[PDB]
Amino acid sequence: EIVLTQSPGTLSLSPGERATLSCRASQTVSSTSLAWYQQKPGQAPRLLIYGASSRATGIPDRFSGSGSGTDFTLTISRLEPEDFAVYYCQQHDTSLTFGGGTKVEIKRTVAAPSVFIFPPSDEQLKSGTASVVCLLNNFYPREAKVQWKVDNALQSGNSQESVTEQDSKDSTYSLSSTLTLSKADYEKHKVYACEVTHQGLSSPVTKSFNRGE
C-alpha cells in the first residue's frame, strides 16, 4: 500500500503569494500515476493536475505540477482568492490512494477573539438538561485555547467545540464551545467560567456568570 503524506496540514499564506504544496509517498510513484485535486467547502473535488505535470482541462496556468519518485509538488504561482481551498494529491501507481489534504489558508494579521458566554435557557432546564455556550468571535489564527471552569473545577470530556470556515471578507474564524451538563449537576454549582487563551490577547480573557443571576 502506498501512503501519500501531505505537509503541512494547513498552509497560511497571503493572497497573491506563491504556494508550494508537498506530497510525499511511502514508495516510489510513477509520475504517470499521480494527480492533484482541489476541493472548496461544500463542493466536489475537481482535477487540477494529472500525470504529475499535465494541467487538466480548464485549469488556469498558475497551477503547476512537478516532482518525481517519492516527492511531488503542486505550485500555485500567484494565489487568487478562489485558490484558498483544500488540495489532495492522488496516486494510482499501486492500487489507488489519496493524501490527507493540505488546507491553503488566507494569512491575516493577529485578531483577538471577542468572547461571549451564554447560560442555559429556563426552557432547556425544564427539559432536564443544561448546556452552556461560549463564543469566540472573529479571531485569527485558528489556534485558540478554551477552558471550562465550574466552581474552579477544570472540566474535561463534557465540552464540544465547533469552528466556522474562514470568513470570505475579513479572513477571521469563529469558534463555539458548548459545555453540556445534567440538570441536577448544573443546579449543584454556582460559577460557570469560560477562559480563553489566544495569541492576540495580552492575557487570558475569562467570561463568567453566576447561576442564579
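Residue numbers here begin at 1 and follow the sequence given.
Trainee: Which is higher on average in the deposited entry, the C-alpha temperature factors of 31 to 39 or of 65 to 73?
Mentor: Per the PDB entry, the higher value belongs to 65 to 73.
Trainee: Of 96 to 104 and 123 to 131, which one has the bigger average CA B-factor?
Mentor: In the deposited entry, the stretch with the higher C-alpha B-factor mean is 123 to 131.
Trainee: Highest recorded C-alpha temperature factor, please, choosing from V115, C89, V86, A111.
Mentor: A111 has the highest C-alpha B-factor of those listed.
Trainee: Kindly indicate the residue among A184, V150, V146, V163 with the greatest C-alpha B-factor in the PDB record.
Mentor: If I rank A184, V150, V146, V163 by C-alpha B-factor, first place goes to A184.
Trainee: Looking at the entry's B-factor column for C-alpha atoms only, identify whether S208 ranks in the lowest, middle or highest third of its chain.
Mentor: CA B-factor rank for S208: middle third.
Trainee: Place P45 in the lowest, middle or highest third of its chain's C-alpha B-factors, as listed in the PDB entry.
Mentor: Lowest third, going by the recorded CA B-factors of the chain.
Trainee: Which third of the chain holds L179 when residues are ordered by C-alpha B factor: lowest, middle or highest?
Mentor: It belongs to the middle third of the chain when residues are ordered by C-alpha B-factor.
Trainee: Based on the deposited C-alpha B factors for this chain, I'd like to know if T57 is in the lowest, middle or highest third.
Mentor: Answer is highest: the recorded C-alpha B-factor places it there.
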